[PDB]
Visitor: 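Got a structure here, written out as structure tokens. Questions coming.
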Amino acid sequence: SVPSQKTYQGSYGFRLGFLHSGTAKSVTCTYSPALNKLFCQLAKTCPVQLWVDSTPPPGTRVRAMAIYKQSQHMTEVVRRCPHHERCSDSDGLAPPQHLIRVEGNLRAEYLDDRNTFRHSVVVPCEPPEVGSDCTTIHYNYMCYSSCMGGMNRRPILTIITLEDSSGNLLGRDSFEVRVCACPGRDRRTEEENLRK
Ligand SMILES: CCN(CC)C1CCN(Cc2cc(C#CCNC(=O)OC(C)(C)C)cc(I)c2O)CC1
Ligand SMILES: [Zn+2]
């Protein structure tokens, strides 16, 4: 089955936010509002902001999952390729098969769904640091979009869900992801193609 990608703010007014990192050739992570698409280098830090209009209950959690964007691939589980799943680059917490990791959160949990077999990573929802207006999660993407035997050049979507302590839906947002060597150039290219 295919998880929903329907944007849903819910009772707490949940939505994502992204930094404005620009498109210099050196940039390692950059987000295109026009394309709703994050472009990032392999295994580099991707800051994703969580915004709400009101405080969700204690025990609320935030889950990330990847799916293929194209209709003809949506039913296939997104996973790391046969090379990267074996490169012994685990942080001690993430299963080496998982495309999406959360960086620097000891409370991150990794799920292999017993029915859909899809992978996800989930952390507790927490208020912002004192002085900040939103909470930031740092994600890593552990294969290139081009990885043979894995994503193999197929575009993916990351779906971020706000959940209660039982796993019930409270909110949902999503964005496309390309993991590539030069995110700055690729974002410039794709934005120009869109303008045409
Ligand atoms: C209009 C928006 N604005 C106006 C001033 C508020 C700014 C202050 N925020 C607080 C806030 C809490 C959370 C949380 C949580 C889990 N419950 C949890 O930790 O519960 C407590 C704190 C009760 C223990 C996540 C986020 I992202 C977040 O912004 C809410 C919005
Ligand atoms: Zn790979």
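In each ligand, atom 1 is the first atom listed, and ligand 1 is the first ligand listed. The chain is numbered in sequence order, starting from 1.
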Visitor: Given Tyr68, which partner from the list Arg154, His73, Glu76 fulfils the side chain to side chain donor-acceptor pair (under 3.5 Å) test?
Guide: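 Looking at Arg154, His73, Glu76, the match for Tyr68 under the side chain to side chain donor-acceptor pair (under 3.5 Å) is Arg154.
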Visitor: Taking the six-membered ring where the residue is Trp, are the ring centres of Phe175 and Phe18 under 6.0 Å apart?
Guide: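 Yes; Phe18 has its ring centre under 6.0 Å from that of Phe175.
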Visitor: Please list, chain by chain and in numerical order, all residues satisfying side-chain hydrogen bond (donor to acceptor under 3.5 Å, both in side chains) with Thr45, sequence neighbours excluded.
Guide: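 In terms of side-chain hydrogen bond (donor to acceptor under 3.5 Å, both in side chains), with neighbours along the sequence ignored, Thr45 is linked to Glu103.
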Visitor: In chain order, what residues pass the salt bridge (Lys or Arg N to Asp or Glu O under 4.0 Å) check against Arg61, with sequence neighbours excluded?
Guide: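 Here the qualifying residues are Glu109.
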Visitor: Could you please compute the angle at the Zn ion (ligand 2) from ND1 of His84 to SG of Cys81, rounded to 10°?
Guide: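 For SG of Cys81 and ND1 of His84, the angle centred on the Zn ion (ligand 2) reads 100°.
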Visitor: Measure the shortest side-chain to side-chain distance between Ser11 and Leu170 over non-hydrogen atoms and say whether it is less than 4.5 angstrom.
Guide: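 In short, these two side chains do not touch, never coming nearer than 4.5 Å.
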Visitor: Can I get a per-line list of side-chain donor-acceptor pairs under 3.5 Å for residues 120-139, giving both atom names and the distance, sequence neighbours left out?
Guide:
unit_1	atom_1	unit_2	atom_2	d
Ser120	OG	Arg63	NH1	2.9
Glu126	OE2	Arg107	NH2	2.6
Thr135	OG1	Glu126	O	2.7

Visitor: Measure and list all N/O to N/O distances between ligand 1 and the protein that fall under 3.5 angstrom.
Guide:
unit_1	atom_1	unit_2	atom_2	d
ligand 1	17 (N)	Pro56	O	2.9

